[PDB]
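Chemist: File data.cif follows (mmCIF, N, CA and C atoms and all ligand atoms):
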```cif
data_data
#
loop_
_atom_site.label_atom_id
_atom_site.label_comp_id
_atom_site.auth_asym_id
_atom_site.auth_seq_id
_atom_site.Cartn_x
_atom_site.Cartn_y
_atom_site.Cartn_z
N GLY A 1 32.77 25.72 -4.92
CA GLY A 1 32.24 26.79 -5.80
C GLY A 1 30.68 26.77 -5.94
N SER A 2 30.25 27.33 -7.06
CA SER A 2 28.84 27.68 -7.34
C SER A 2 28.44 27.17 -8.73
N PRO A 3 28.50 25.87 -9.01
CA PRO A 3 28.22 25.40 -10.35
C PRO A 3 26.73 25.60 -10.79
N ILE A 4 25.80 25.42 -9.86
CA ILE A 4 24.36 25.47 -10.10
C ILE A 4 23.82 26.72 -9.43
N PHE A 5 22.92 27.41 -10.09
CA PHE A 5 22.17 28.54 -9.55
C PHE A 5 20.68 28.37 -9.86
N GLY A 6 19.83 28.94 -9.08
CA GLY A 6 18.38 28.88 -9.28
C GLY A 6 17.75 29.89 -8.33
N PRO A 7 16.45 29.82 -8.13
CA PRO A 7 15.77 30.75 -7.24
C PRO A 7 15.87 30.22 -5.80
N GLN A 8 16.48 30.97 -4.90
CA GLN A 8 16.70 30.54 -3.54
C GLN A 8 15.36 30.32 -2.83
N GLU A 9 14.40 31.22 -3.06
CA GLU A 9 13.09 31.09 -2.51
C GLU A 9 12.09 31.33 -3.55
N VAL A 10 11.10 30.43 -3.62
CA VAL A 10 9.99 30.55 -4.54
C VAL A 10 8.71 30.62 -3.72
N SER A 11 7.96 31.73 -3.86
CA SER A 11 6.71 31.92 -3.09
C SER A 11 5.55 31.81 -4.06
N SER A 12 4.52 31.05 -3.71
CA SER A 12 3.32 30.88 -4.51
C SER A 12 2.13 30.78 -3.60
N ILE A 13 0.95 30.70 -4.22
CA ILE A 13 -0.32 30.48 -3.56
C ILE A 13 -0.94 29.21 -4.06
N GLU A 14 -1.73 28.57 -3.24
CA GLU A 14 -2.44 27.35 -3.64
C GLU A 14 -3.23 27.54 -4.91
N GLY A 15 -3.01 26.60 -5.82
CA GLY A 15 -3.62 26.65 -7.17
C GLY A 15 -2.73 27.12 -8.26
N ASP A 16 -1.66 27.85 -7.93
CA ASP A 16 -0.72 28.43 -8.80
C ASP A 16 0.14 27.29 -9.41
N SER A 17 0.90 27.70 -10.42
CA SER A 17 1.99 26.99 -11.05
C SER A 17 3.25 27.78 -10.86
N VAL A 18 4.37 27.05 -10.84
CA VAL A 18 5.67 27.66 -10.86
C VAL A 18 6.57 27.07 -11.94
N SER A 19 7.56 27.87 -12.39
CA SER A 19 8.52 27.45 -13.38
C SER A 19 9.86 27.80 -12.90
N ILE A 20 10.61 26.79 -12.46
CA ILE A 20 11.90 27.01 -11.73
C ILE A 20 13.04 26.73 -12.66
N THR A 21 13.86 27.73 -12.98
CA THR A 21 15.00 27.60 -13.87
C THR A 21 16.26 27.43 -13.06
N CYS A 22 16.95 26.35 -13.33
CA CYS A 22 18.31 26.06 -12.77
C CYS A 22 19.32 26.16 -13.90
N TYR A 23 20.46 26.81 -13.60
CA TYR A 23 21.57 27.07 -14.48
C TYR A 23 22.74 26.18 -14.10
N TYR A 24 23.39 25.64 -15.13
CA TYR A 24 24.53 24.75 -14.89
C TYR A 24 25.74 25.20 -15.71
N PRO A 25 26.93 24.64 -15.43
CA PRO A 25 28.10 25.13 -16.16
C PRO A 25 28.04 24.71 -17.66
N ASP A 26 28.69 25.52 -18.49
CA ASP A 26 28.74 25.33 -19.92
C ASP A 26 29.77 24.28 -20.29
N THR A 27 29.39 23.03 -20.14
CA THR A 27 30.16 21.88 -20.60
C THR A 27 29.29 20.84 -21.21
N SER A 28 29.83 20.03 -22.12
CA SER A 28 29.07 18.97 -22.73
C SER A 28 28.58 17.97 -21.69
N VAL A 29 29.45 17.58 -20.77
CA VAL A 29 29.08 16.61 -19.72
C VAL A 29 27.86 17.11 -18.99
N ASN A 30 27.81 18.40 -18.66
CA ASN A 30 26.66 18.91 -17.89
C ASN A 30 25.43 18.98 -18.75
N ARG A 31 25.54 19.40 -20.01
CA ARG A 31 24.39 19.42 -20.85
C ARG A 31 23.68 18.09 -21.00
N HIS A 32 24.48 16.97 -21.05
CA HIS A 32 23.94 15.66 -21.31
C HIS A 32 23.71 14.79 -20.08
N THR A 33 24.08 15.22 -18.90
CA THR A 33 23.97 14.42 -17.69
C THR A 33 22.55 14.42 -17.19
N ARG A 34 22.25 13.51 -16.26
CA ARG A 34 20.94 13.47 -15.58
C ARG A 34 20.68 14.80 -14.84
N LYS A 35 19.48 15.33 -15.01
CA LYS A 35 18.98 16.43 -14.23
C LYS A 35 17.91 15.92 -13.31
N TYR A 36 17.79 16.56 -12.14
CA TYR A 36 16.76 16.14 -11.16
C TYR A 36 16.22 17.29 -10.35
N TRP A 37 15.06 17.04 -9.77
CA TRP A 37 14.40 17.86 -8.79
C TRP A 37 14.03 16.88 -7.67
N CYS A 38 14.42 17.22 -6.45
CA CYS A 38 14.20 16.33 -5.28
C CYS A 38 13.77 17.17 -4.06
N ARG A 39 13.06 16.50 -3.14
CA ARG A 39 12.64 17.10 -1.88
C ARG A 39 13.44 16.56 -0.73
N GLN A 40 14.02 17.49 0.01
CA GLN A 40 14.77 17.13 1.22
C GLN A 40 13.84 16.68 2.31
N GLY A 41 14.17 15.52 2.89
CA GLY A 41 13.33 14.98 3.92
C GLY A 41 14.01 14.88 5.29
N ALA A 42 13.21 14.48 6.25
CA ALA A 42 13.67 14.47 7.63
C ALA A 42 14.82 13.47 7.88
N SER A 43 14.93 12.46 7.00
CA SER A 43 15.94 11.41 7.08
C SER A 43 17.25 11.87 6.59
N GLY A 44 17.33 13.06 6.01
CA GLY A 44 18.51 13.54 5.38
C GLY A 44 18.71 13.25 3.89
N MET A 45 17.85 12.48 3.32
CA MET A 45 17.90 12.15 1.91
C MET A 45 17.11 13.17 1.16
N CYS A 46 17.47 13.34 -0.10
CA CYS A 46 16.70 14.25 -1.03
C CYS A 46 16.09 13.29 -2.01
N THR A 47 14.76 13.12 -1.94
CA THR A 47 13.97 12.15 -2.71
C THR A 47 13.59 12.75 -4.06
N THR A 48 14.01 12.06 -5.10
CA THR A 48 13.69 12.47 -6.47
C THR A 48 12.25 12.49 -6.71
N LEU A 49 11.75 13.62 -7.22
CA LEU A 49 10.37 13.76 -7.63
C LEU A 49 10.21 13.81 -9.16
N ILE A 50 11.23 14.27 -9.87
CA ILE A 50 11.19 14.24 -11.35
C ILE A 50 12.59 14.24 -11.85
N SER A 51 12.92 13.53 -12.92
CA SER A 51 14.22 13.60 -13.46
C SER A 51 14.17 13.52 -15.01
N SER A 52 15.26 13.90 -15.62
CA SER A 52 15.41 13.92 -17.07
C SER A 52 15.50 12.50 -17.66
N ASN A 53 15.64 11.43 -16.86
CA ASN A 53 15.55 10.07 -17.41
C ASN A 53 14.07 9.75 -17.59
N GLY A 54 13.15 10.66 -17.33
CA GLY A 54 11.74 10.32 -17.42
C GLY A 54 11.14 9.74 -16.17
N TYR A 55 11.67 9.94 -15.00
CA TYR A 55 11.08 9.46 -13.78
C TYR A 55 10.16 10.52 -13.20
N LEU A 56 9.01 10.09 -12.71
CA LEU A 56 8.07 10.95 -12.07
C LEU A 56 7.50 10.35 -10.82
N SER A 57 7.49 11.05 -9.70
CA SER A 57 6.82 10.60 -8.52
C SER A 57 5.33 10.64 -8.69
N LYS A 58 4.63 9.69 -8.06
CA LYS A 58 3.17 9.74 -8.12
C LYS A 58 2.63 11.02 -7.52
N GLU A 59 3.38 11.71 -6.65
CA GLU A 59 2.91 12.95 -6.12
C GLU A 59 2.78 14.05 -7.17
N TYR A 60 3.48 13.88 -8.30
CA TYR A 60 3.45 14.84 -9.40
C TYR A 60 2.72 14.35 -10.65
N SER A 61 2.01 13.22 -10.60
CA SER A 61 1.27 12.70 -11.76
C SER A 61 0.36 13.82 -12.23
N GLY A 62 0.39 14.05 -13.52
CA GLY A 62 -0.44 15.03 -14.13
C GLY A 62 -0.11 16.51 -13.93
N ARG A 63 1.00 16.83 -13.31
CA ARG A 63 1.23 18.22 -12.92
C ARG A 63 2.62 18.68 -12.94
N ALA A 64 3.56 17.98 -13.53
CA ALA A 64 4.95 18.45 -13.53
C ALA A 64 5.67 18.09 -14.79
N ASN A 65 6.74 18.83 -15.11
CA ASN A 65 7.60 18.56 -16.30
C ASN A 65 9.00 19.06 -15.85
N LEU A 66 10.00 18.45 -16.43
CA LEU A 66 11.40 18.89 -16.30
C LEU A 66 11.89 18.98 -17.74
N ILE A 67 12.30 20.15 -18.21
CA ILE A 67 12.74 20.33 -19.58
C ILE A 67 14.19 20.82 -19.58
N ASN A 68 15.05 20.06 -20.19
CA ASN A 68 16.43 20.44 -20.39
C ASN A 68 16.52 21.33 -21.58
N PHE A 69 17.27 22.43 -21.45
CA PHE A 69 17.56 23.37 -22.54
C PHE A 69 19.09 23.44 -22.74
N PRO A 70 19.69 22.47 -23.38
CA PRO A 70 21.12 22.52 -23.58
C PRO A 70 21.56 23.74 -24.33
N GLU A 71 20.69 24.31 -25.13
CA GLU A 71 21.02 25.49 -25.97
C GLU A 71 21.35 26.70 -25.15
N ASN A 72 20.98 26.76 -23.86
CA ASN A 72 21.39 27.84 -23.00
C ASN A 72 21.88 27.40 -21.63
N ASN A 73 22.21 26.10 -21.54
CA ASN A 73 22.77 25.54 -20.32
C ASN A 73 21.86 25.72 -19.10
N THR A 74 20.57 25.49 -19.27
CA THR A 74 19.63 25.50 -18.20
C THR A 74 18.70 24.31 -18.28
N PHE A 75 18.00 24.07 -17.19
CA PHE A 75 16.77 23.24 -17.24
C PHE A 75 15.70 23.85 -16.38
N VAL A 76 14.46 23.51 -16.69
CA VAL A 76 13.28 24.10 -16.04
C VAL A 76 12.43 23.00 -15.41
N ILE A 77 11.99 23.26 -14.18
CA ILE A 77 11.04 22.40 -13.53
C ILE A 77 9.74 23.15 -13.41
N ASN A 78 8.73 22.61 -14.06
CA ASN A 78 7.35 23.18 -13.99
C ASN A 78 6.51 22.34 -13.07
N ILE A 79 5.86 22.97 -12.12
CA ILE A 79 5.02 22.33 -11.12
C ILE A 79 3.73 23.06 -11.04
N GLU A 80 2.65 22.35 -11.24
CA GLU A 80 1.31 22.91 -11.33
C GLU A 80 0.43 22.43 -10.20
N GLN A 81 -0.73 23.07 -10.06
CA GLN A 81 -1.73 22.64 -9.06
C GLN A 81 -1.14 22.58 -7.67
N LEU A 82 -0.38 23.63 -7.32
CA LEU A 82 0.31 23.65 -6.04
C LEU A 82 -0.66 23.66 -4.91
N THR A 83 -0.29 23.03 -3.84
CA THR A 83 -1.02 23.21 -2.58
C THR A 83 -0.02 23.49 -1.47
N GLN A 84 -0.54 23.86 -0.26
CA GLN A 84 0.31 24.04 0.87
C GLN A 84 1.21 22.85 1.17
N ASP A 85 0.77 21.65 0.82
CA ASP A 85 1.56 20.44 1.05
C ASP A 85 2.86 20.37 0.17
N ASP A 86 2.94 21.19 -0.84
CA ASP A 86 4.17 21.35 -1.67
C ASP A 86 5.23 22.22 -0.98
N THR A 87 4.89 22.94 0.08
CA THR A 87 5.90 23.72 0.84
C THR A 87 6.98 22.78 1.29
N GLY A 88 8.20 23.21 1.11
CA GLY A 88 9.31 22.36 1.56
C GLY A 88 10.63 22.92 1.04
N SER A 89 11.63 22.11 1.32
CA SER A 89 13.06 22.33 0.97
C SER A 89 13.41 21.32 -0.12
N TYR A 90 13.84 21.85 -1.25
CA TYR A 90 14.14 21.09 -2.47
C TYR A 90 15.53 21.35 -2.98
N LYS A 91 15.95 20.51 -3.95
CA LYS A 91 17.15 20.77 -4.70
C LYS A 91 16.91 20.56 -6.20
N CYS A 92 17.48 21.41 -7.01
CA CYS A 92 17.66 21.06 -8.42
C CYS A 92 19.11 20.67 -8.61
N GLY A 93 19.43 19.69 -9.43
CA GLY A 93 20.75 19.27 -9.60
C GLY A 93 21.04 18.47 -10.82
N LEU A 94 22.35 18.13 -10.92
CA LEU A 94 22.91 17.32 -12.00
C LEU A 94 23.57 16.08 -11.39
N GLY A 95 23.38 14.95 -12.10
CA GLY A 95 24.00 13.68 -11.68
C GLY A 95 23.00 12.91 -10.86
N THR A 96 23.47 12.51 -9.68
CA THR A 96 22.72 11.68 -8.70
C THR A 96 21.96 12.48 -7.64
N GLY A 97 26.52 15.50 -5.22
CA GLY A 97 26.81 15.98 -6.62
C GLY A 97 26.41 17.43 -6.86
N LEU A 98 26.26 17.90 -8.13
CA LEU A 98 26.08 19.30 -8.26
C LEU A 98 24.61 19.70 -8.02
N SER A 99 24.37 20.53 -7.00
CA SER A 99 22.99 20.94 -6.71
C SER A 99 22.86 22.29 -6.10
N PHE A 100 21.62 22.82 -6.14
CA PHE A 100 21.24 24.11 -5.65
C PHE A 100 19.98 23.98 -4.83
N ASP A 101 19.94 24.60 -3.64
CA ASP A 101 18.80 24.49 -2.68
C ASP A 101 17.76 25.57 -3.03
N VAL A 102 16.52 25.10 -3.14
CA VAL A 102 15.36 25.93 -3.42
C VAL A 102 14.36 25.76 -2.27
N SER A 103 13.91 26.84 -1.64
CA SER A 103 12.88 26.77 -0.65
C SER A 103 11.57 27.17 -1.34
N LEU A 104 10.59 26.25 -1.33
CA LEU A 104 9.32 26.54 -1.98
C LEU A 104 8.29 26.78 -0.86
N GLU A 105 7.62 27.92 -0.90
CA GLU A 105 6.58 28.23 0.05
C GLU A 105 5.28 28.37 -0.73
N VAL A 106 4.30 27.58 -0.40
CA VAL A 106 3.00 27.71 -1.02
C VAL A 106 2.00 28.11 0.10
N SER A 107 1.51 29.33 -0.01
CA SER A 107 0.62 29.83 1.03
C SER A 107 -0.85 29.68 0.65
N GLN A 108 -1.70 29.77 1.67
CA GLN A 108 -3.12 29.65 1.49
C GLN A 108 -3.57 30.81 0.59
N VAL A 109 -4.66 30.52 -0.10
CA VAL A 109 -5.35 31.54 -0.87
C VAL A 109 -5.96 32.50 0.19
N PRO A 110 -5.67 33.78 0.00
CA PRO A 110 -6.19 34.73 0.97
C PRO A 110 -7.74 34.74 0.98
N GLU A 111 -8.30 35.01 2.16
CA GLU A 111 -9.76 35.01 2.33
C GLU A 111 -10.19 36.27 1.53
N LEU A 112 -11.40 36.22 1.00
CA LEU A 112 -11.88 37.42 0.28
C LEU A 112 -12.39 38.52 1.26
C1 LIG A 201 16.60 28.91 -22.52
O1 LIG A 201 16.13 28.60 -23.81
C2 LIG A 201 14.76 28.24 -23.75
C3 LIG A 201 14.42 27.70 -25.16
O2 LIG A 201 14.60 28.77 -26.13
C4 LIG A 201 13.93 29.47 -23.42
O3 LIG A 201 12.51 29.12 -23.52
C5 LIG A 201 14.33 29.90 -22.03
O4 LIG A 201 13.68 31.15 -21.74
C6 LIG A 201 15.84 30.13 -22.00
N1 LIG A 201 16.29 30.34 -20.62
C7 LIG A 201 16.93 31.46 -20.22
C8 LIG A 201 17.28 31.57 -18.74
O5 LIG A 201 17.31 32.33 -21.02
MG MG A 202 2.76 28.45 4.80
#
```
What is this file in structure tokens?
Ligand SMILES: *[C@@H]1O[C@H](CO)[C@@H](O)[C@H](O)[C@H]1NC(C)=O
Ligand SMILES: [Mg+2]
Modeler:
Amino acid sequence: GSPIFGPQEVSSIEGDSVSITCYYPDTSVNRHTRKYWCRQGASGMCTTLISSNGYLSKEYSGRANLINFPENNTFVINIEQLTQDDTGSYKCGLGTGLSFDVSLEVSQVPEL
């Protein structure tokens, strides 16, 4: 099935911020479980970059937040100071399991 939903593709420009909302099923277990944002890598693993246990990758020091909103069965990942190096294939999810694939594209600032 389709337990998690979010934005399939997120397009931004260098310097921008994004706010990515992931939706989960309306259950107590899901409201209180670990939430995560991870980047899919060439090895096949999805490396956690931020989680609701308070974990943060050094790649996101000073520029990211993950906020759980149990009151509407969502959580939000905020990512700031984007650069082209943030382009990639990500997942938002619950647990370690339930997840949704997000493609983030960060393009160059257009020439004037
Ligand atoms: C969920 O609730 C939070 C807190 O009130 C709100 O800021 C956010 O917009 C809501 N999310 C959605 C998808 O309605
Ligand atoms: Mg590009």
Chemist: Between atom N of residue A:83 and atom N of residue A:66, what is the distance, to one decimal in Å?
Modeler: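 So the answer is 16.9 Å.
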Chemist: Using atom C of residue A:9 and atom C of residue A:77 as the two end points, give the distance in Å to one decimal.
Modeler: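 So the answer is 13.0 Å.
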Chemist: Could you pull out the residues in stretch 12-112 of chain A that DSSP calls strand (DSSP E or B) from the backbone, as a VMD selection string?
Modeler: chain A and resid 12 to 13 18 to 23 35 to 40 46 to 51 56 64 to 69 74 to 79 88 to 94 98 to 107
Chemist: Between atom C of residue A:55 and atom CA of residue A:40, what distance in Å does the model show, to one decimal?
Modeler: 16.5 Å
Chemist: Let me make sure I understand: among A:99, A:78, A:48, A:84, which one has the smallest atom-to-atom distance to residue A:25 if we use only C-alpha atoms?
Modeler: A:99
Chemist: Please write out the residues within 6.5 Å of ligand MG 202 (chain A) as a list in words, counting all atoms listed in the file.
Modeler: residues 84, 105, 106, 107 and 108 of chain A
Chemist: Find, counting only C-alpha atoms, the residue in A:93, A:76, A:71, A:86 that gets nearest to residue A:28.
Modeler: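 Result for the nearest residue to residue A:28: A:71.
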Chemist: Between A:29, A:37, A:23, A:60, which one has atoms that come closest to residue A:92, using all atoms listed in the file?
Modeler: A:37
Chemist: Show me which residues are within 6.5 Å of ligand LIG 201 (chain A) counting all atoms listed in the file, and format the list as a ChimeraX atom specification.
Modeler: /A:69,71-74
Chemist: Residues as selected, N, CA and C atoms, written as a tab-separated table (two decimals), in the coordinates of the input, can you do that?
Modeler:
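Written file, result-v5.tsv:
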```
chain	number	residue	atom	x	y	z
A	69	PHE	N	17.27	22.43	-21.45
A	69	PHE	CA	17.56	23.37	-22.54
A	69	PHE	C	19.09	23.44	-22.74
A	71	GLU	N	20.69	24.31	-25.13
A	71	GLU	CA	21.02	25.49	-25.97
A	71	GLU	C	21.35	26.70	-25.15
A	72	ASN	N	20.98	26.76	-23.86
A	72	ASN	CA	21.39	27.84	-23.00
A	72	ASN	C	21.88	27.40	-21.63
A	73	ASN	N	22.21	26.10	-21.54
A	73	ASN	CA	22.77	25.54	-20.32
A	73	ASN	C	21.86	25.72	-19.10
A	74	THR	N	20.57	25.49	-19.27
A	74	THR	CA	19.63	25.50	-18.20
A	74	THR	C	18.70	24.31	-18.28
```
Chemist: Looking only at the backbone, which of the residues in chain A does DSSP tag as helix (DSSP H, G or I), as a PyMOL selection string?
Modeler: chain A and resi 28-32+58-60+70-72+84-86
Chemist: Nearest to residue A:100: which of A:10, A:53, A:16, A:22 is it, counting only N, CA and C atoms?
Modeler: A:22
Chemist: From the set A:97, A:88, A:110, A:15, which residue has the shortest atom-to-atom contact distance to residue A:36, counting only C-alpha atoms?
Modeler: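 Result for the nearest residue to residue A:36: A:97.
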Chemist: Ranking A:54, A:62, A:44, A:6 by minimum distance to residue A:24 and counting only C-alpha atoms, which one comes first?
Modeler: A:6
Chemist: Taking all atoms of stretch 52-64 of chain A that appear in the file, build a box with edges along x, y and z, extend it by 6 Å on every side, and state its centre and edge lengths in Å to one decimal, as lines of an AutoDock Vina configuration file.
Modeler:
```
center_x = 7.6
center_y = 14.1
center_z = -11.9
size_x = 28.1
size_y = 21.2
size_z = 23.5
```
Chemist: Quick one: residues within 6.5 Å of residue A:35, all atoms listed in the file counted, chain neighbours fewer than 6 positions away excluded, as a list in words?
Modeler: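 Once the nearby chain positions are removed, what remains is residues 50, 51, 52, 53, 93, 94 and 95 of chain A.
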